[PDB]
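K.L.:
Structure incoming, see below.
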2 protein chains.
Amino acid sequence: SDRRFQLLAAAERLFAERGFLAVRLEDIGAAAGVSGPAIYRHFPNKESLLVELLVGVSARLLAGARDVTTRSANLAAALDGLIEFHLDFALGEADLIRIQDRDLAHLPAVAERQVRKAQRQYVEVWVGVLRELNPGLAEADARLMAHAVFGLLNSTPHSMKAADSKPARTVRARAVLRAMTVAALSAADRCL
Amino acid sequence: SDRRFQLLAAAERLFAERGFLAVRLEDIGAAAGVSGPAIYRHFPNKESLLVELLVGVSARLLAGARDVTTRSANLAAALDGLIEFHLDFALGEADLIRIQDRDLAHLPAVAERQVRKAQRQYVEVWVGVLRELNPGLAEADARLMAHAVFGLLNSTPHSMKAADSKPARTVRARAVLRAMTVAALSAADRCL
């Protein structure tokens, strides 16, 4: 029916492999599996994809994270809920992490401000939960731990590349990273 | 005597705060503290600084990391040596990490290839040490562990920004980060 979402999918990958500037809109629809010039109806032109792609997913992850917090019985499980929830994003949507890391600056200034706002709030969602579990942590302490863990979790692009993606490797990748992050937050709490 | 290094120093800060593209060579020497056109003798023009800056430091960190391996009494101590050696770079040379994050693409093809070559080998130095400490782990495990740890350590620029640099905060950053990375690497050895 609607060839739009099929086209976004193609953009995500092509922006992930070769750079945003490297990728030309012409071969987005070609590699996508879509018609000729009917593409130039909803995604003229290139920058328009990047914005929906980044701004969209970023707004979700903030909502999705703030949901985990609301739905959690207590704080202990809220932290686990986040760890898992981010791990899902981290291992599943490994393309968007690379796009975050490179092509965030080739986003229109209005949308860039917007995406950064969401990231900041998403870190603050963690900080909130991380800091209420251990009130002896300062703001900057929670932040440090929060970015630390994300740094660790979002390091997957340097390991979970296209020539890989085997589900046996993914679940083992998940198993470890989880184990790493939980033990990293615990070491932090004890240190301070 | 020779105001080249003073010019290098200026560059690092200016490339870190404002983007590479945004930085004009004119105001590198201005904010640096140097003469007018005598600058245009050893660093014409802009791109030249970025290459010496990145290629120099990258090639050093490889050497420095490979030194830690050699001189260390045993393997367990070689890991602590590396963790501490990277912490030195991660927290101290915070500017470069932000430049490695963004403006690696605006390096000439020959230099970019060389900078990535060093990063790759620097990871392999860890891999080598991390894999001999636990031969139960396969290659792809020790890679994921290495990149995991670097993601955690190189998350500093999201906290230790220019509006700060109070040494009390850095020793705390160093203490937490080390504690987190050491606890994380063991969790990895256990889980798998």
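Chain identifiers are assigned as A, B, and so on, following the order in which chains appear in the structure tokens; residues are numbered from 1 within each chain, and ligands are numbered from 1 in order of appearance.
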Identify, with DSSP run on backbone atoms, the residues in chain A assigned to helix (DSSP H, G or I), and express the list as an NGL selection string.
P.N.:
:A and (4-17 or 26-32 or 37-41 or 47-71 or 75-92 or 94-103 or 109-133 or 139-153 or 156-158 or 167-191)
K.L.:
Kindly export the residues of the current selection with C-alpha atoms, as a short mmCIF file (atom, residue, chain, number, x, y, z; two decimals), in the first residue's frame.
P.N.:
```cif
data_model
loop_
_atom_site.label_atom_id
_atom_site.label_comp_id
_atom_site.auth_asym_id
_atom_site.auth_seq_id
_atom_site.Cartn_x
_atom_site.Cartn_y
_atom_site.Cartn_z
CA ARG A 4 6.95 5.47 2.43
CA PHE A 5 8.06 3.34 5.38
CA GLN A 6 9.82 0.93 3.02
CA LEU A 7 11.82 3.96 1.84
CA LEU A 8 12.79 5.07 5.38
CA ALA A 9 14.11 1.55 6.02
CA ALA A 10 16.36 1.87 2.97
CA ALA A 11 17.63 5.27 4.15
CA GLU A 12 18.54 4.00 7.63
CA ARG A 13 20.81 1.31 6.15
CA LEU A 14 22.44 3.39 3.41
CA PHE A 15 23.14 6.26 5.84
CA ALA A 16 24.59 3.67 8.24
CA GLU A 17 26.96 2.03 5.71
CA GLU A 26 18.65 8.55 -6.37
CA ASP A 27 20.04 5.18 -5.19
CA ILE A 28 18.00 5.23 -1.95
CA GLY A 29 14.80 4.36 -3.83
CA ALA A 30 16.75 2.10 -6.18
CA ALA A 31 18.20 -0.01 -3.36
CA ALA A 32 14.85 0.35 -1.54
CA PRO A 37 9.89 9.55 -9.56
CA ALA A 38 6.94 8.75 -7.21
CA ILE A 39 9.68 8.79 -4.53
CA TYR A 40 10.01 12.55 -5.01
CA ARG A 41 6.48 12.93 -3.59
CA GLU A 47 17.65 15.68 4.49
CA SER A 48 13.90 15.05 4.96
CA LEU A 49 14.54 11.35 5.65
CA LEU A 50 17.32 11.97 8.17
CA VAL A 51 15.03 14.28 10.18
CA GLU A 52 12.02 11.92 10.42
CA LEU A 53 14.45 9.08 11.11
CA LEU A 54 16.42 10.72 13.95
CA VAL A 55 13.76 13.04 15.41
CA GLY A 56 11.21 10.21 15.29
CA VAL A 57 13.25 7.49 16.99
CA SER A 58 14.67 9.94 19.56
CA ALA A 59 11.18 11.07 20.61
CA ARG A 60 10.16 7.41 20.98
CA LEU A 61 13.13 6.26 23.09
CA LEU A 62 12.41 9.16 25.48
CA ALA A 63 8.74 8.17 25.71
CA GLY A 64 9.59 4.45 25.87
CA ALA A 65 12.11 5.04 28.67
CA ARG A 66 9.73 7.28 30.64
CA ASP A 67 7.18 4.47 30.33
CA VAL A 68 9.51 1.85 31.85
CA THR A 69 9.87 4.17 34.85
CA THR A 70 6.11 4.69 35.25
CA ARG A 71 5.16 1.02 34.83
CA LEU A 75 13.00 1.43 41.35
CA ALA A 76 15.17 -1.72 41.31
CA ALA A 77 13.18 -3.20 38.41
CA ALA A 78 12.93 0.25 36.77
CA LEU A 79 16.72 0.20 36.33
CA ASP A 80 16.60 -3.33 34.87
CA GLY A 81 13.74 -2.22 32.62
CA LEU A 82 15.92 0.59 31.28
CA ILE A 83 19.01 -1.60 30.85
CA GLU A 84 16.98 -4.13 28.84
CA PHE A 85 15.04 -1.43 26.97
CA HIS A 86 18.25 0.31 25.89
CA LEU A 87 19.95 -3.00 25.08
CA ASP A 88 17.01 -3.62 22.71
CA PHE A 89 17.68 -0.28 21.02
CA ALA A 90 21.45 -0.80 21.24
CA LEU A 91 21.60 -4.28 19.69
CA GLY A 92 18.47 -4.05 17.52
CA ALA A 94 22.54 -0.50 15.74
CA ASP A 95 22.15 1.54 12.53
CA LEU A 96 20.64 4.59 14.28
CA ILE A 97 23.47 4.70 16.83
CA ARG A 98 26.02 5.07 14.02
CA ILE A 99 23.86 7.77 12.39
CA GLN A 100 23.72 9.56 15.77
CA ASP A 101 27.51 9.36 16.03
CA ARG A 102 28.25 10.74 12.54
CA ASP A 103 25.43 12.53 10.74
CA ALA A 109 19.35 23.28 13.05
CA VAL A 110 15.71 23.16 14.21
CA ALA A 111 15.64 19.34 14.20
CA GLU A 112 19.15 19.03 15.65
CA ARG A 113 18.18 21.12 18.67
CA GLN A 114 15.13 18.84 18.96
CA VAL A 115 17.06 15.55 18.81
CA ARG A 116 19.59 16.80 21.38
CA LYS A 117 16.74 17.87 23.70
CA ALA A 118 15.38 14.30 23.64
CA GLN A 119 18.79 12.70 24.27
CA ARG A 120 19.33 15.02 27.23
CA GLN A 121 15.90 14.17 28.72
CA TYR A 122 16.49 10.43 28.13
CA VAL A 123 19.75 10.64 30.11
CA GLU A 124 17.82 12.52 32.81
CA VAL A 125 15.29 9.69 32.96
CA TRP A 126 18.14 7.34 33.92
CA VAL A 127 19.76 9.86 36.24
CA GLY A 128 16.40 10.21 38.01
CA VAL A 129 16.14 6.45 38.62
CA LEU A 130 19.86 5.97 39.26
CA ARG A 131 19.93 8.81 41.81
CA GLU A 132 16.76 7.82 43.73
CA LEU A 133 18.12 4.29 44.22
CA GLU A 139 23.78 14.91 39.99
CA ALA A 140 27.09 14.84 38.12
CA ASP A 141 27.71 11.39 39.64
CA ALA A 142 24.50 9.97 38.16
CA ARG A 143 25.24 11.72 34.85
CA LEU A 144 28.75 10.24 34.70
CA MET A 145 27.41 6.73 35.37
CA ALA A 146 24.53 7.32 32.94
CA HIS A 147 26.79 8.35 30.05
CA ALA A 148 29.33 5.71 31.04
CA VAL A 149 26.79 2.90 30.66
CA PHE A 150 25.39 4.30 27.39
CA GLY A 151 28.95 4.60 26.10
CA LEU A 152 29.44 0.91 26.89
CA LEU A 153 26.07 -0.21 25.46
CA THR A 156 28.04 -2.29 19.51
CA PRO A 157 28.63 -0.77 16.02
CA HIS A 158 32.34 -1.63 16.45
CA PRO A 167 21.15 -14.35 16.33
CA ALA A 168 23.48 -16.66 18.30
CA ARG A 169 26.05 -13.83 18.47
CA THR A 170 23.41 -11.20 19.27
CA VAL A 171 22.01 -12.96 22.35
CA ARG A 172 25.56 -13.59 23.63
CA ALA A 173 26.37 -9.94 22.91
CA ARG A 174 23.27 -9.03 24.94
CA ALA A 175 24.12 -11.48 27.72
CA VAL A 176 27.58 -9.93 28.21
CA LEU A 177 26.82 -6.21 27.83
CA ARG A 178 23.98 -6.54 30.33
CA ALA A 179 26.36 -8.32 32.73
CA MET A 180 28.96 -5.60 32.14
CA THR A 181 26.62 -2.66 32.70
CA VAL A 182 24.92 -4.04 35.83
CA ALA A 183 28.33 -4.74 37.40
CA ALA A 184 29.58 -1.33 36.24
CA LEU A 185 26.78 0.57 37.99
CA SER A 186 27.31 -1.55 41.12
CA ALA A 187 31.05 -0.80 41.20
CA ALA A 188 30.23 2.91 40.86
CA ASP A 189 27.80 2.93 43.81
CA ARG A 190 30.41 1.22 46.02
CA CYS A 191 33.26 3.51 44.91
#
```
K.L.:
As an exercise, work out the distance from atom CA of residue 159 of chain A to atom CA of residue 105 of chain A in Å and give it to one decimal place.
P.N.:
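The value is 24.2 Å.
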K.L.:
Just to confirm, what's the straight-line distance from atom CA of residue 21 of chain A to atom CA of residue 161 of chain B in Å (one decimal)?
P.N.:
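Those two atoms sit 28.9 Å apart.
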K.L.:
Report, in Å with one decimal, the straight-line distance from atom CA of residue 45 of chain B to atom CA of residue 23 of chain B.
P.N.:
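Between atom CA of residue 45 of chain B and atom CA of residue 23 of chain B the gap works out to 11.5 Å.
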K.L.:
Give the answer as one residue: which of B:1, B:164, B:72, B:43 has the shortest atom-to-atom distance to residue 25 of chain B, using only C-alpha atoms?
P.N.:
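Closest to residue 25 of chain B, using only C-alpha atoms: B:43.
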